[PDB]
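Engineer: Handing over final34.cif, mmCIF, N, CA and C atoms; chains and numbers go by the auth columns.
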data_structure
#
loop_
_atom_site.group_PDB
_atom_site.id
_atom_site.type_symbol
_atom_site.label_atom_id
_atom_site.label_comp_id
_atom_site.label_asym_id
_atom_site.label_seq_id
_atom_site.Cartn_x
_atom_site.Cartn_y
_atom_site.Cartn_z
_atom_site.B_iso_or_equiv
_atom_site.auth_seq_id
_atom_site.auth_asym_id
ATOM 1 N N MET A 1 35.070 24.317 47.257 0.00 1 A
ATOM 2 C CA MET A 1 35.451 25.754 47.153 0.00 1 A
ATOM 3 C C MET A 1 36.549 26.057 48.167 0.00 1 A
ATOM 4 N N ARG A 2 36.323 25.650 49.414 0.00 2 A
ATOM 5 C CA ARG A 2 37.301 25.871 50.476 0.00 2 A
ATOM 6 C C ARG A 2 38.323 24.742 50.490 0.00 2 A
ATOM 7 N N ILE A 3 39.334 24.881 51.341 0.00 3 A
ATOM 8 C CA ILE A 3 40.376 23.863 51.449 0.00 3 A
ATOM 9 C C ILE A 3 40.853 23.759 52.894 0.00 3 A
ATOM 10 N N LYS A 4 41.540 22.663 53.211 0.00 4 A
ATOM 11 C CA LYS A 4 42.029 22.446 54.567 0.00 4 A
ATOM 12 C C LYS A 4 43.439 21.863 54.548 0.00 4 A
ATOM 13 N N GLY A 5 44.000 21.683 55.739 0.00 5 A
ATOM 14 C CA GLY A 5 45.354 21.160 55.880 0.00 5 A
ATOM 15 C C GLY A 5 45.648 20.839 57.337 0.00 5 A
ATOM 16 N N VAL A 6 46.883 20.428 57.617 0.00 6 A
ATOM 17 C CA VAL A 6 47.270 20.090 58.983 0.00 6 A
ATOM 18 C C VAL A 6 48.681 20.590 59.269 0.00 6 A
ATOM 19 N N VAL A 7 48.814 21.338 60.362 0.00 7 A
ATOM 20 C CA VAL A 7 50.104 21.893 60.761 0.00 7 A
ATOM 21 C C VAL A 7 51.092 20.775 61.083 0.00 7 A
ATOM 22 N N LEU A 8 52.377 21.057 60.890 0.00 8 A
ATOM 23 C CA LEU A 8 53.422 20.074 61.166 0.00 8 A
ATOM 24 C C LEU A 8 54.228 20.490 62.391 0.00 8 A
ATOM 25 N N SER A 9 54.873 21.650 62.295 0.00 9 A
ATOM 26 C CA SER A 9 55.684 22.164 63.394 0.00 9 A
ATOM 27 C C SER A 9 56.032 23.633 63.165 0.00 9 A
ATOM 28 N N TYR A 10 55.864 24.448 64.206 0.00 10 A
ATOM 29 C CA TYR A 10 56.168 25.873 64.112 0.00 10 A
ATOM 30 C C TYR A 10 57.454 26.193 64.870 0.00 10 A
ATOM 31 N N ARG A 11 58.476 26.630 64.139 0.00 11 A
ATOM 32 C CA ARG A 11 59.754 26.976 64.754 0.00 11 A
ATOM 33 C C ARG A 11 59.762 28.445 65.170 0.00 11 A
ATOM 34 N N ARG A 12 59.880 28.675 66.474 0.00 12 A
ATOM 35 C CA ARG A 12 59.900 30.030 67.018 0.00 12 A
ATOM 36 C C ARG A 12 61.335 30.461 67.316 0.00 12 A
ATOM 37 N N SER A 13 62.155 30.530 66.267 0.00 13 A
ATOM 38 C CA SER A 13 63.557 30.922 66.413 0.00 13 A
ATOM 39 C C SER A 13 63.706 32.044 67.444 0.00 13 A
ATOM 40 N N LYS A 14 64.435 31.753 68.523 0.00 14 A
ATOM 41 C CA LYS A 14 64.649 32.731 69.590 0.00 14 A
ATOM 42 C C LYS A 14 65.395 33.945 69.060 0.00 14 A
ATOM 43 N N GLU A 15 66.607 33.704 68.570 0.00 15 A
ATOM 44 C CA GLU A 15 67.446 34.767 68.025 0.00 15 A
ATOM 45 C C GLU A 15 66.728 35.474 66.872 0.00 15 A
ATOM 46 N N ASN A 16 67.478 36.202 66.053 0.00 16 A
ATOM 47 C CA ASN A 16 66.879 36.916 64.934 0.00 16 A
ATOM 48 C C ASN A 16 67.883 37.076 63.801 0.00 16 A
ATOM 49 N N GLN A 17 67.818 36.152 62.847 0.00 17 A
ATOM 50 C CA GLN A 17 68.713 36.175 61.697 0.00 17 A
ATOM 51 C C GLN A 17 68.109 35.377 60.540 0.00 17 A
ATOM 52 N N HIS A 18 66.799 35.116 60.626 0.00 18 A
ATOM 53 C CA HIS A 18 66.089 34.369 59.586 0.00 18 A
ATOM 54 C C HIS A 18 64.592 34.362 59.884 0.00 18 A
ATOM 55 N N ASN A 19 64.233 34.914 61.043 0.00 19 A
ATOM 56 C CA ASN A 19 62.839 34.992 61.469 0.00 19 A
ATOM 57 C C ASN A 19 62.273 33.606 61.784 0.00 19 A
ATOM 58 N N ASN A 20 61.048 33.584 62.307 0.00 20 A
ATOM 59 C CA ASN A 20 60.383 32.328 62.662 0.00 20 A
ATOM 60 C C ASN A 20 59.823 31.641 61.416 0.00 20 A
ATOM 61 N N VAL A 21 59.904 30.309 61.396 0.00 21 A
ATOM 62 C CA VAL A 21 59.410 29.525 60.261 0.00 21 A
ATOM 63 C C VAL A 21 58.211 28.672 60.676 0.00 21 A
ATOM 64 N N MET A 22 57.364 28.332 59.702 0.00 22 A
ATOM 65 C CA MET A 22 56.181 27.516 59.969 0.00 22 A
ATOM 66 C C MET A 22 55.911 26.566 58.805 0.00 22 A
ATOM 67 N N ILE A 23 55.858 25.271 59.108 0.00 23 A
ATOM 68 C CA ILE A 23 55.606 24.259 58.086 0.00 23 A
ATOM 69 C C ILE A 23 54.136 23.834 58.094 0.00 23 A
ATOM 70 N N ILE A 24 53.545 23.748 56.902 0.00 24 A
ATOM 71 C CA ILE A 24 52.144 23.342 56.765 0.00 24 A
ATOM 72 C C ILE A 24 52.045 22.165 55.805 0.00 24 A
ATOM 73 N N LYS A 25 51.001 21.359 55.970 0.00 25 A
ATOM 74 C CA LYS A 25 50.812 20.194 55.121 0.00 25 A
ATOM 75 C C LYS A 25 49.348 20.055 54.705 0.00 25 A
ATOM 76 N N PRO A 26 49.006 20.502 53.520 0.00 26 A
ATOM 77 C CA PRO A 26 47.618 20.395 53.001 0.00 26 A
ATOM 78 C C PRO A 26 47.274 18.945 52.674 0.00 26 A
ATOM 79 N N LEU A 27 46.076 18.524 53.082 0.00 27 A
ATOM 80 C CA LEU A 27 45.598 17.157 52.867 0.00 27 A
ATOM 81 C C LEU A 27 46.363 16.432 51.761 0.00 27 A
ATOM 82 N N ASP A 28 45.938 16.625 50.515 0.00 28 A
ATOM 83 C CA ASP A 28 46.595 15.960 49.394 0.00 28 A
ATOM 84 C C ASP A 28 47.685 16.838 48.784 0.00 28 A
ATOM 85 N N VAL A 29 47.325 17.629 47.769 0.00 29 A
ATOM 86 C CA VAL A 29 48.304 18.477 47.093 0.00 29 A
ATOM 87 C C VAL A 29 49.526 17.625 46.764 0.00 29 A
ATOM 88 N N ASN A 30 49.250 16.445 46.219 0.00 30 A
ATOM 89 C CA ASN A 30 50.295 15.495 45.874 0.00 30 A
ATOM 90 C C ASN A 30 50.790 15.725 44.447 0.00 30 A
ATOM 91 N N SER A 31 51.138 16.975 44.150 0.00 31 A
ATOM 92 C CA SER A 31 51.634 17.330 42.825 0.00 31 A
ATOM 93 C C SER A 31 52.422 18.633 42.877 0.00 31 A
ATOM 94 N N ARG A 32 53.736 18.537 42.663 0.00 32 A
ATOM 95 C CA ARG A 32 54.590 19.723 42.666 0.00 32 A
ATOM 96 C C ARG A 32 53.953 20.795 41.792 0.00 32 A
ATOM 97 N N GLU A 33 53.216 20.348 40.777 0.00 33 A
ATOM 98 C CA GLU A 33 52.526 21.259 39.878 0.00 33 A
ATOM 99 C C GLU A 33 51.523 22.095 40.662 0.00 33 A
ATOM 100 N N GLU A 34 50.591 21.415 41.329 0.00 34 A
ATOM 101 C CA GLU A 34 49.573 22.094 42.126 0.00 34 A
ATOM 102 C C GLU A 34 50.218 22.826 43.297 0.00 34 A
ATOM 103 N N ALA A 35 51.076 22.124 44.034 0.00 35 A
ATOM 104 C CA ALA A 35 51.759 22.728 45.173 0.00 35 A
ATOM 105 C C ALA A 35 52.470 24.006 44.733 0.00 35 A
ATOM 106 N N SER A 36 53.410 23.867 43.802 0.00 36 A
ATOM 107 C CA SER A 36 54.144 25.019 43.289 0.00 36 A
ATOM 108 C C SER A 36 53.183 26.089 42.765 0.00 36 A
ATOM 109 N N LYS A 37 52.115 25.647 42.099 0.00 37 A
ATOM 110 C CA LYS A 37 51.126 26.569 41.539 0.00 37 A
ATOM 111 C C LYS A 37 50.313 27.253 42.638 0.00 37 A
ATOM 112 N N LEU A 38 50.301 26.659 43.829 0.00 38 A
ATOM 113 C CA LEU A 38 49.542 27.223 44.943 0.00 38 A
ATOM 114 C C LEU A 38 50.367 28.284 45.681 0.00 38 A
ATOM 115 N N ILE A 39 51.672 28.318 45.413 0.00 39 A
ATOM 116 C CA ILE A 39 52.544 29.308 46.048 0.00 39 A
ATOM 117 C C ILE A 39 52.017 30.718 45.787 0.00 39 A
ATOM 118 N N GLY A 40 51.852 31.502 46.851 0.00 40 A
ATOM 119 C CA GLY A 40 51.350 32.867 46.710 0.00 40 A
ATOM 120 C C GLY A 40 49.920 32.979 47.227 0.00 40 A
ATOM 121 N N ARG A 41 49.271 31.833 47.420 0.00 41 A
ATOM 122 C CA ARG A 41 47.900 31.821 47.914 0.00 41 A
ATOM 123 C C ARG A 41 47.863 32.266 49.374 0.00 41 A
ATOM 124 N N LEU A 42 46.678 32.650 49.839 0.00 42 A
ATOM 125 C CA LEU A 42 46.516 33.114 51.213 0.00 42 A
ATOM 126 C C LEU A 42 45.878 32.037 52.089 0.00 42 A
ATOM 127 N N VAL A 43 46.519 31.749 53.217 0.00 43 A
ATOM 128 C CA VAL A 43 46.014 30.746 54.152 0.00 43 A
ATOM 129 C C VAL A 43 45.180 31.412 55.246 0.00 43 A
ATOM 130 N N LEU A 44 43.859 31.258 55.160 0.00 44 A
ATOM 131 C CA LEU A 44 42.964 31.839 56.159 0.00 44 A
ATOM 132 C C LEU A 44 42.498 30.748 57.109 0.00 44 A
ATOM 133 N N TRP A 45 43.209 30.641 58.237 0.00 45 A
ATOM 134 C CA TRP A 45 42.928 29.636 59.263 0.00 45 A
ATOM 135 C C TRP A 45 42.125 30.234 60.419 0.00 45 A
ATOM 136 N N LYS A 46 41.121 29.482 60.868 0.00 46 A
ATOM 137 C CA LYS A 46 40.267 29.907 61.973 0.00 46 A
ATOM 138 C C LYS A 46 40.938 29.598 63.310 0.00 46 A
ATOM 139 N N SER A 47 40.380 30.129 64.397 0.00 47 A
ATOM 140 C CA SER A 47 40.942 29.899 65.728 0.00 47 A
ATOM 141 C C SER A 47 40.072 30.560 66.793 0.00 47 A
ATOM 142 N N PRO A 48 40.074 30.028 67.996 0.00 48 A
ATOM 143 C CA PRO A 48 39.277 30.576 69.135 0.00 48 A
ATOM 144 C C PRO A 48 39.442 32.088 69.287 0.00 48 A
ATOM 145 N N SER A 49 38.730 32.656 70.260 0.00 49 A
ATOM 146 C CA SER A 49 38.786 34.095 70.512 0.00 49 A
ATOM 147 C C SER A 49 38.329 34.863 69.275 0.00 49 A
ATOM 148 N N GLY A 50 37.787 34.130 68.305 0.00 50 A
ATOM 149 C CA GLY A 50 37.314 34.738 67.067 0.00 50 A
ATOM 150 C C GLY A 50 38.473 35.369 66.297 0.00 50 A
ATOM 151 N N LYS A 51 39.697 35.101 66.752 0.00 51 A
ATOM 152 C CA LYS A 51 40.884 35.651 66.106 0.00 51 A
ATOM 153 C C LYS A 51 41.186 34.912 64.807 0.00 51 A
ATOM 154 N N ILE A 52 40.724 35.473 63.695 0.00 52 A
ATOM 155 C CA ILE A 52 40.963 34.868 62.392 0.00 52 A
ATOM 156 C C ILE A 52 42.327 35.296 61.875 0.00 52 A
ATOM 157 N N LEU A 53 43.238 34.336 61.750 0.00 53 A
ATOM 158 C CA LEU A 53 44.580 34.640 61.272 0.00 53 A
ATOM 159 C C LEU A 53 44.702 34.322 59.788 0.00 53 A
ATOM 160 N N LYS A 54 45.515 35.110 59.096 0.00 54 A
ATOM 161 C CA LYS A 54 45.712 34.940 57.670 0.00 54 A
ATOM 162 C C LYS A 54 47.136 35.315 57.279 0.00 54 A
ATOM 163 N N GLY A 55 47.935 34.299 56.971 0.00 55 A
ATOM 164 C CA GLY A 55 49.320 34.511 56.567 0.00 55 A
ATOM 165 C C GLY A 55 49.453 34.332 55.062 0.00 55 A
ATOM 166 N N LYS A 56 50.633 33.914 54.610 0.00 56 A
ATOM 167 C CA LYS A 56 50.854 33.711 53.182 0.00 56 A
ATOM 168 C C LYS A 56 51.977 32.709 52.930 0.00 56 A
ATOM 169 N N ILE A 57 51.783 31.866 51.916 0.00 57 A
ATOM 170 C CA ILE A 57 52.781 30.869 51.549 0.00 57 A
ATOM 171 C C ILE A 57 53.962 31.554 50.874 0.00 57 A
ATOM 172 N N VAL A 58 55.168 31.166 51.266 0.00 58 A
ATOM 173 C CA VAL A 58 56.371 31.765 50.698 0.00 58 A
ATOM 174 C C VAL A 58 56.960 30.876 49.602 0.00 58 A
ATOM 175 N N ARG A 59 57.395 29.672 49.975 0.00 59 A
ATOM 176 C CA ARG A 59 57.978 28.740 49.006 0.00 59 A
ATOM 177 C C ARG A 59 57.588 27.304 49.344 0.00 59 A
ATOM 178 N N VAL A 60 57.676 26.420 48.349 0.00 60 A
ATOM 179 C CA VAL A 60 57.336 25.014 48.552 0.00 60 A
ATOM 180 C C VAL A 60 58.543 24.234 49.066 0.00 60 A
ATOM 181 N N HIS A 61 58.287 23.323 50.001 0.00 61 A
ATOM 182 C CA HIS A 61 59.340 22.495 50.580 0.00 61 A
ATOM 183 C C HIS A 61 58.822 21.077 50.782 0.00 61 A
ATOM 184 N N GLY A 62 58.816 20.322 49.695 0.00 62 A
ATOM 185 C CA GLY A 62 58.336 18.947 49.707 0.00 62 A
ATOM 186 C C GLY A 62 57.838 18.576 48.319 0.00 62 A
ATOM 187 N N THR A 63 58.155 19.438 47.350 0.00 63 A
ATOM 188 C CA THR A 63 57.749 19.240 45.961 0.00 63 A
ATOM 189 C C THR A 63 56.249 18.966 45.867 0.00 63 A
ATOM 190 N N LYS A 64 55.882 17.690 45.837 0.00 64 A
ATOM 191 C CA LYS A 64 54.478 17.299 45.736 0.00 64 A
ATOM 192 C C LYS A 64 53.879 17.038 47.118 0.00 64 A
ATOM 193 N N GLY A 65 54.058 17.975 48.047 0.00 65 A
ATOM 194 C CA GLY A 65 53.539 17.791 49.384 0.00 65 A
ATOM 195 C C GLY A 65 53.324 19.116 50.093 0.00 65 A
ATOM 196 N N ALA A 66 53.938 19.215 51.259 0.00 66 A
ATOM 197 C CA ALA A 66 53.830 20.397 52.109 0.00 66 A
ATOM 198 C C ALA A 66 54.520 21.607 51.493 0.00 66 A
ATOM 199 N N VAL A 67 54.451 22.726 52.214 0.00 67 A
ATOM 200 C CA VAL A 67 55.057 23.974 51.767 0.00 67 A
ATOM 201 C C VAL A 67 55.470 24.820 52.972 0.00 67 A
ATOM 202 N N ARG A 68 56.275 25.847 52.715 0.00 68 A
ATOM 203 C CA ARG A 68 56.748 26.731 53.776 0.00 68 A
ATOM 204 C C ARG A 68 55.775 27.886 53.994 0.00 68 A
ATOM 205 N N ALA A 69 55.696 28.347 55.240 0.00 69 A
ATOM 206 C CA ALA A 69 54.812 29.452 55.594 0.00 69 A
ATOM 207 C C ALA A 69 55.422 30.278 56.723 0.00 69 A
ATOM 208 N N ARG A 70 54.867 31.469 56.947 0.00 70 A
ATOM 209 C CA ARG A 70 55.361 32.357 57.998 0.00 70 A
ATOM 210 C C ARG A 70 54.214 33.182 58.576 0.00 70 A
ATOM 211 N N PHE A 71 54.301 33.485 59.871 0.00 71 A
ATOM 212 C CA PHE A 71 53.259 34.262 60.540 0.00 71 A
ATOM 213 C C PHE A 71 53.872 35.364 61.400 0.00 71 A
ATOM 214 N N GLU A 72 53.564 36.610 61.050 0.00 72 A
ATOM 215 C CA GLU A 72 54.074 37.758 61.794 0.00 72 A
ATOM 216 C C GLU A 72 53.179 38.045 62.993 0.00 72 A
ATOM 217 N N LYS A 73 51.913 37.656 62.881 0.00 73 A
ATOM 218 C CA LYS A 73 50.958 37.872 63.961 0.00 73 A
ATOM 219 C C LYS A 73 51.042 36.739 64.969 0.00 73 A
ATOM 220 N N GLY A 74 51.757 35.691 64.590 0.00 74 A
ATOM 221 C CA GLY A 74 51.920 34.531 65.454 0.00 74 A
ATOM 222 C C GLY A 74 50.571 33.880 65.741 0.00 74 A
ATOM 223 N N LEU A 75 50.610 32.687 66.321 0.00 75 A
ATOM 224 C CA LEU A 75 49.386 31.963 66.649 0.00 75 A
ATOM 225 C C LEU A 75 49.058 32.131 68.132 0.00 75 A
ATOM 226 N N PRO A 76 47.931 31.623 68.564 0.00 76 A
ATOM 227 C CA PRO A 76 47.502 31.715 69.985 0.00 76 A
ATOM 228 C C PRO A 76 48.305 30.776 70.879 0.00 76 A
ATOM 229 N N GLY A 77 48.126 30.913 72.192 0.00 77 A
ATOM 230 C CA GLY A 77 48.846 30.078 73.150 0.00 77 A
ATOM 231 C C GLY A 77 48.733 28.599 72.788 0.00 77 A
ATOM 232 N N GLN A 78 49.857 28.014 72.361 0.00 78 A
ATOM 233 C CA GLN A 78 49.902 26.600 71.975 0.00 78 A
ATOM 234 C C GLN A 78 48.741 26.252 71.039 0.00 78 A
ATOM 235 N N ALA A 79 49.005 26.298 69.733 0.00 79 A
ATOM 236 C CA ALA A 79 47.977 25.988 68.740 0.00 79 A
ATOM 237 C C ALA A 79 48.490 24.977 67.715 0.00 79 A
ATOM 238 N N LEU A 80 49.511 24.220 68.100 0.00 80 A
ATOM 239 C CA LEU A 80 50.088 23.218 67.214 0.00 80 A
ATOM 240 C C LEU A 80 49.190 21.986 67.132 0.00 80 A
ATOM 241 N N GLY A 81 48.298 21.970 66.141 0.00 81 A
ATOM 242 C CA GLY A 81 47.393 20.837 65.961 0.00 81 A
ATOM 243 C C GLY A 81 46.095 21.246 65.266 0.00 81 A
ATOM 244 N N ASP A 82 45.808 22.548 65.224 0.00 82 A
ATOM 245 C CA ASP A 82 44.590 23.019 64.581 0.00 82 A
ATOM 246 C C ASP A 82 44.715 22.896 63.069 0.00 82 A
ATOM 247 N N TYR A 83 43.639 22.465 62.424 0.00 83 A
ATOM 248 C CA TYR A 83 43.644 22.313 60.979 0.00 83 A
ATOM 249 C C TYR A 83 43.696 23.684 60.317 0.00 83 A
ATOM 250 N N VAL A 84 44.514 23.813 59.276 0.00 84 A
ATOM 251 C CA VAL A 84 44.621 25.082 58.564 0.00 84 A
ATOM 252 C C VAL A 84 43.625 25.091 57.418 0.00 84 A
ATOM 253 N N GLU A 85 43.273 26.279 56.947 0.00 85 A
ATOM 254 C CA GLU A 85 42.310 26.391 55.862 0.00 85 A
ATOM 255 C C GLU A 85 42.607 27.602 54.994 0.00 85 A
ATOM 256 N N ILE A 86 42.197 27.520 53.738 0.00 86 A
ATOM 257 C CA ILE A 86 42.390 28.623 52.813 0.00 86 A
ATOM 258 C C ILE A 86 41.030 29.243 52.527 0.00 86 A
ATOM 259 N N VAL A 87 40.494 29.975 53.506 0.00 87 A
ATOM 260 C CA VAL A 87 39.180 30.587 53.326 0.00 87 A
ATOM 261 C C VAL A 87 39.310 32.034 52.852 0.00 87 A
#
Just dump the structure as C-alpha coordinates.
Structural biologist:
Amino acid sequence: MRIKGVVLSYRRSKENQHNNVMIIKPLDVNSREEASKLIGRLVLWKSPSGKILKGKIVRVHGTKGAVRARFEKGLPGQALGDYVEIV
(Lines of atoms letter the chains of each structure in order from A and count residues from 1; the text may use other names and numbers.)
(Lines give C-alpha, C1' and ligand atoms only; values in the text may rest on other atoms or scores of the structure.)
Protein backbone atom coordinates (compact mmCIF):
# COMPACT_ATOMS: atom_id res chain seq x y z
CA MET A 1 0.00 0.00 0.00
CA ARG A 2 2.77 2.40 1.01
CA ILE A 3 5.95 3.17 -0.93
CA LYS A 4 9.53 4.28 -0.28
CA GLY A 5 12.54 5.84 -1.99
CA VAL A 6 15.99 7.35 -1.45
CA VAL A 7 17.06 10.98 -1.78
CA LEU A 8 19.85 11.82 -4.23
CA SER A 9 20.79 15.48 -3.79
CA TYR A 10 18.99 18.67 -2.77
CA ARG A 11 20.10 21.84 -4.57
CA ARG A 12 19.58 24.93 -2.41
CA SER A 13 20.07 27.54 -5.15
CA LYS A 14 21.33 30.64 -3.32
CA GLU A 15 20.11 33.19 -5.86
CA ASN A 16 16.50 33.26 -7.07
CA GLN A 17 15.68 32.64 -10.72
CA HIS A 18 14.48 29.02 -10.76
CA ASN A 19 13.96 28.20 -7.08
CA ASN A 20 15.49 25.27 -5.18
CA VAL A 21 15.43 21.81 -6.80
CA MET A 22 15.28 18.34 -5.23
CA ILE A 23 16.01 14.99 -6.87
CA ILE A 24 14.39 11.78 -5.58
CA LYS A 25 14.89 8.13 -6.51
CA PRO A 26 12.13 5.59 -5.70
CA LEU A 27 13.38 2.03 -5.14
CA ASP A 28 12.37 0.50 -8.48
CA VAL A 29 9.93 2.48 -10.65
CA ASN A 30 11.93 1.10 -13.55
CA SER A 31 9.32 2.10 -16.13
CA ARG A 32 8.83 5.51 -17.74
CA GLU A 33 5.22 4.35 -17.85
CA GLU A 34 4.90 4.00 -14.07
CA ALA A 35 7.29 6.88 -13.36
CA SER A 36 5.54 9.25 -15.77
CA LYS A 37 2.20 7.91 -14.51
CA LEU A 38 3.28 8.67 -10.94
CA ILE A 39 3.81 12.36 -11.78
CA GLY A 40 1.40 14.42 -9.67
CA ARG A 41 1.47 12.05 -6.70
CA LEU A 42 2.15 13.35 -3.19
CA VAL A 43 5.38 12.44 -1.39
CA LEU A 44 4.70 12.12 2.35
CA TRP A 45 8.11 11.66 3.98
CA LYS A 46 8.58 11.25 7.73
CA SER A 47 11.24 13.02 9.82
CA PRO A 48 12.28 13.75 13.46
CA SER A 49 10.63 16.47 15.56
CA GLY A 50 7.43 14.79 14.38
CA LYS A 51 7.65 17.23 11.46
CA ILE A 52 5.84 15.36 8.69
CA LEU A 53 6.74 16.95 5.37
CA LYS A 54 4.71 16.53 2.19
CA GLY A 55 5.74 17.98 -1.16
CA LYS A 56 4.74 17.09 -4.72
CA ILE A 57 6.36 15.62 -7.83
CA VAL A 58 6.67 18.10 -10.69
CA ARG A 59 8.24 16.29 -13.66
CA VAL A 60 10.16 13.08 -14.39
CA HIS A 61 13.92 13.22 -14.99
CA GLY A 62 15.31 9.77 -15.71
CA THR A 63 12.50 8.26 -17.79
CA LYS A 64 12.33 4.84 -16.13
CA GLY A 65 13.94 5.96 -12.87
CA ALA A 66 14.06 8.99 -10.61
CA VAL A 67 11.97 12.15 -10.86
CA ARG A 68 12.10 15.86 -10.02
CA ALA A 69 10.68 17.30 -6.81
CA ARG A 70 10.50 20.58 -4.87
CA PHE A 71 10.01 21.61 -1.24
CA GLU A 72 8.82 25.05 -0.14
CA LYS A 73 8.87 24.06 3.53
CA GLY A 74 12.41 22.80 3.10
CA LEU A 75 13.85 19.88 5.08
CA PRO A 76 15.37 19.80 8.60
CA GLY A 77 18.99 20.59 9.44
CA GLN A 78 20.97 18.31 7.10
CA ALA A 79 18.56 15.54 6.09
CA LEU A 80 20.27 14.27 2.94
CA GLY A 81 19.97 10.51 3.40
CA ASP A 82 16.52 9.88 4.91
CA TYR A 83 14.33 7.50 2.95
CA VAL A 84 11.36 9.17 1.27
CA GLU A 85 7.85 7.74 1.33
CA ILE A 86 4.48 8.26 -0.28
CA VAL A 87 2.21 7.93 2.75
Engineer: Using only N, CA and C atoms, what residues lie at most 8 Å away from (52.0, 17.8, 62.6) (file coordinates), given as a PDB file with N, CA and C atoms, keeping the file's coordinate frame?
Structural biologist:
ATOM      1  N   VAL A   6      46.883  20.428  57.617  1.00  0.00           N
ATOM      2  CA  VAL A   6      47.270  20.090  58.983  1.00  0.00           C
ATOM      3  C   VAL A   6      48.681  20.590  59.269  1.00  0.00           C
ATOM      4  N   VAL A   7      48.814  21.338  60.362  1.00  0.00           N
ATOM      5  CA  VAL A   7      50.104  21.893  60.761  1.00  0.00           C
ATOM      6  C   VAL A   7      51.092  20.775  61.083  1.00  0.00           C
ATOM      7  N   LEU A   8      52.377  21.057  60.890  1.00  0.00           N
ATOM      8  CA  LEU A   8      53.422  20.074  61.166  1.00  0.00           C
ATOM      9  C   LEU A   8      54.228  20.490  62.391  1.00  0.00           C
ATOM     10  N   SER A   9      54.873  21.650  62.295  1.00  0.00           N
ATOM     11  CA  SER A   9      55.684  22.164  63.394  1.00  0.00           C
ATOM     12  C   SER A   9      56.032  23.633  63.165  1.00  0.00           C
ATOM     13  N   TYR A  10      55.864  24.448  64.206  1.00  0.00           N
ATOM     14  CA  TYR A  10      56.168  25.873  64.112  1.00  0.00           C
ATOM     15  C   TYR A  10      57.454  26.193  64.870  1.00  0.00           C
ATOM     16  N   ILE A  23      55.858  25.271  59.108  1.00  0.00           N
ATOM     17  CA  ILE A  23      55.606  24.259  58.086  1.00  0.00           C
ATOM     18  C   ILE A  23      54.136  23.834  58.094  1.00  0.00           C
ATOM     19  N   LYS A  25      51.001  21.359  55.970  1.00  0.00           N
ATOM     20  CA  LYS A  25      50.812  20.194  55.121  1.00  0.00           C
ATOM     21  C   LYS A  25      49.348  20.055  54.705  1.00  0.00           C
ATOM     22  N   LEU A  80      49.511  24.220  68.100  1.00  0.00           N
ATOM     23  CA  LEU A  80      50.088  23.218  67.214  1.00  0.00           C
ATOM     24  C   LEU A  80      49.190  21.986  67.132  1.00  0.00           C
ATOM     25  N   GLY A  81      48.298  21.970  66.141  1.00  0.00           N
ATOM     26  CA  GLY A  81      47.393  20.837  65.961  1.00  0.00           C
ATOM     27  C   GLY A  81      46.095  21.246  65.266  1.00  0.00           C
TER      28      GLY A  81
END
Engineer: Write out as a PyMOL selection string the residues lying within 7 Å of residue A:5, counting only C-alpha atoms and excluding same-chain residues fewer than 6 positions away.
Structural biologist: chain A and resi 25-27+83-85
Engineer: Using the chain letters and numbers from this document, which residues of chain A does DSSP assign to helix (DSSP H, G or I), as a list in words?
Structural biologist: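 The helix (DSSP H, G or I) residues within chain A come out as residues 32, 33, 34, 35, 36, 37 and 38 of chain A.
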Engineer: As JSON, numbers by chain, list the residues of chain A assigned to strand (DSSP E or B) by DSSP on the backbone atoms of this structure.
Structural biologist: {"A": [4, 5, 6, 7, 8, 9, 10, 11, 21, 22, 23, 24, 25, 26, 42, 43, 44, 45, 53, 54, 55, 56, 57, 58, 59, 60, 67, 68, 69, 70, 83, 84, 85]}
Engineer: Quote the spacing between atom C of residue A:19 and atom N of residue A:43 in Å to one decimal place.
Structural biologist: 18.0 Å
Engineer: Take the PyMOL selection byres ((chain A and resi 55) around 8), apply it to the structure above, and return the hits as a list in words.
Structural biologist: residues 40, 41, 42, 43, 44, 45, 52, 53, 54, 56, 57, 58, 69, 70, 71, 72 and 73 of chain A
Engineer: Can you measure atom C of residue A:20 to atom CA of residue A:61 for me? One decimal in Å is fine.
Structural biologist: 14.2 Å
Engineer: From the options A:82, A:59, A:68, A:48, which residue's atoms come nearest to residue A:21, counting all atoms listed in the file?
Structural biologist: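 Using all atoms listed in the file, the shortest distance to residue A:21 belongs to A:68.
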Engineer: For stretch 52-67 of chain A, I'd like the enclosing box, axis-aligned and padded by 6 Å on every side, reported as JSON with centre and edge lengths in Å to one decimal.
Structural biologist:
{"center_x": 50.0, "center_y": 26.3, "center_z": 54.7, "size_x": 30.6, "size_y": 30.4, "size_z": 30.0}
Engineer: Given the choices A:31, A:36, A:49, A:16, which gets closest to residue A:67 if the distance is worked out from only C-alpha atoms?
Structural biologist: A:36
Engineer: Between atom CA of residue A:86 and atom N of residue A:50, what is the spacing in Å?
Structural biologist: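 Computed distance, atom N of residue A:50 to atom CA of residue A:86, equals 17.1 Å.
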